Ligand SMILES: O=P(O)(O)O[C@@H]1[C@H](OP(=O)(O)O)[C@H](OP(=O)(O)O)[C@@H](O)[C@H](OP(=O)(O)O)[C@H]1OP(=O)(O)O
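Taking the form solved without the ligand, here's one chain by itself in C-alpha cells.
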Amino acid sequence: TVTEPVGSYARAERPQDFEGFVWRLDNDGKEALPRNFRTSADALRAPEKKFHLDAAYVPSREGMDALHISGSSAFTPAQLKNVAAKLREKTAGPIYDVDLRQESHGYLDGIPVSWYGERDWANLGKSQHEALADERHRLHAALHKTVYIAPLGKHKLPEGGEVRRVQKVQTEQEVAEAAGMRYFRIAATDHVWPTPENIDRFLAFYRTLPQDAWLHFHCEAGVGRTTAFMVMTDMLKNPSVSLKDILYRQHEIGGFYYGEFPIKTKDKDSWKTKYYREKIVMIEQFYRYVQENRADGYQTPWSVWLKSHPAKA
C-alpha cells in the first residue's frame, strides 16, 4: 500500500499549517502588461544558464504558428485589457483567460489581490467547488470593510502596503469578461504539479474548444503552473513534436524549463526540491499519456490512465 503516488505528493501536506492571513498584492499595476507575458508566435531566445541546456540546439517550431497560446503573471484589470487587445490582433477566434490559481483571488477597488497563506497554500486540499466558494465569500465580505493589502518582502511576509475601505469588489471572471475574454478556471495549487482532477478538467475543456480558440494561461507569477499548462497544450495540439523540442521551445519563448536540470534551492526553499523533481517526472508521464491515448481520441481520462500507469520517482 502506497499512501500518496508520484504526482500527488502535496496531498501529504497539512492544509491547516498554511491558512491564509493577508491580502497579498498580486500586481502593483505600474507596467502596461503583466510580467512574463509571452505568446507561441514569439521568437525563441537563448536558454537560461541555470538549466544547463545546449545553447547550440535549434528547437523545431513545427506547430507553433497554429498553437495560439500565451502566458503571464497576474494582472490589474487595465493590464488584462492590454493583453486582450494584443491577442485580438493575432486571432479572430474566442480569447480565453485560463485562470490556474487555486488560491482565492480577486479585485478590491480594481486592485488585484489574493488571500495569501504560507507557500501560497491557503486553499491546499480544497476541492475546486470549496476553493471557489471560499473566494466568493471572502471577496464579498471585503465590501465596505477596511482591509490591509500588501506586497511580500523579506521572507514572504507583508512589507508596507496600504489600508483602505473597499467600495468595489470584483471576481476575475468579471474582469475577464469586461476585457472581452471568455473565462475558464482551473484551481491548481501554487508550486506543485497540477492534480489529476485539475488536468482531467483541463482536458475536457480542451476537447470542446473551437479550432481558432486562443488560450491565455496565467497564475500568480506566470512561471510554474502557467508553463505546465502551456506545455500540456503544446503536447496535445502538436503530438508529433519531440519532448525535447516541446520543453526547449516553451522555455525559450520565456517559460520555465520542465526537463531535468541541476535543481538548486536556498536553505529556506529546500522544501521545493522534491516538488521540482516530481514535476519533471510528471511532465514525462503526461507526454506518455498523450502519445498512448491520442489514437482513440482520449477515451480514457488522464486520472484513470494515471492510476493504471503510476509514475515513478
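Numbering starts at 1 and follows the sequence shown.
There is another form of this protein, the form solved in complex with the ligand, and it is not shown here; the text below is about that form.
Visitor: Does the trio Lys81, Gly110 and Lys168 actually contact the ligand in the deposited bound form, every residue with a heavy atom within 4.5 Å?
Guide: No: none of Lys81, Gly110 and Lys168 comes within 4.5 Å of the ligand in the deposited bound form.
Visitor: With the partner removed from view, which of 62-70, 246-254, 39-47, 275-283 is the stretch that lies within 4.5 Å of the ligand in the deposited bound form, judged by heavy atom distances?
Guide: Answer to the contact question: 275-283.
Visitor: Have a look at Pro77, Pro196, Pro158, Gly224 for me and say which one sits with a heavy atom within 4.5 Å of the ligand in the deposited bound form.
Guide: None of the other options qualify; the answer is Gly224.
Visitor: Since only the chain is shown here, I'm wondering whether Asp120 would be in contact with the ligand in the deposited bound form (any heavy atom pair within 4.5 Å).
Guide: Yes - in the deposited bound form, heavy atoms of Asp120 and the ligand come within 4.5 Å of each other.
Visitor: Contact between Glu172 and the ligand in the deposited bound form at 4.5 Å, heavy atoms?
Guide: Flag for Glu172 set to no.
Visitor: In the deposited bound form, does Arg288 have a heavy atom within 4.5 Å of the ligand?
Guide: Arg288: no, not in contact with the ligand in the deposited bound form.
Visitor: Please tell me whether any heavy atom belonging to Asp234 falls inside 4.5 Å of a heavy atom of the ligand, as the geometry stands in the deposited bound form.
Guide: No, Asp234 is distant from the partner.
Visitor: So which bits of 161-193 sit within 4.5 Å of the ligand in the deposited bound form, heavy atoms only?
Guide: Going through 161-193 in order - heavy atoms within 4.5 Å of the ligand in the deposited bound form - the hits are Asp190, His191.
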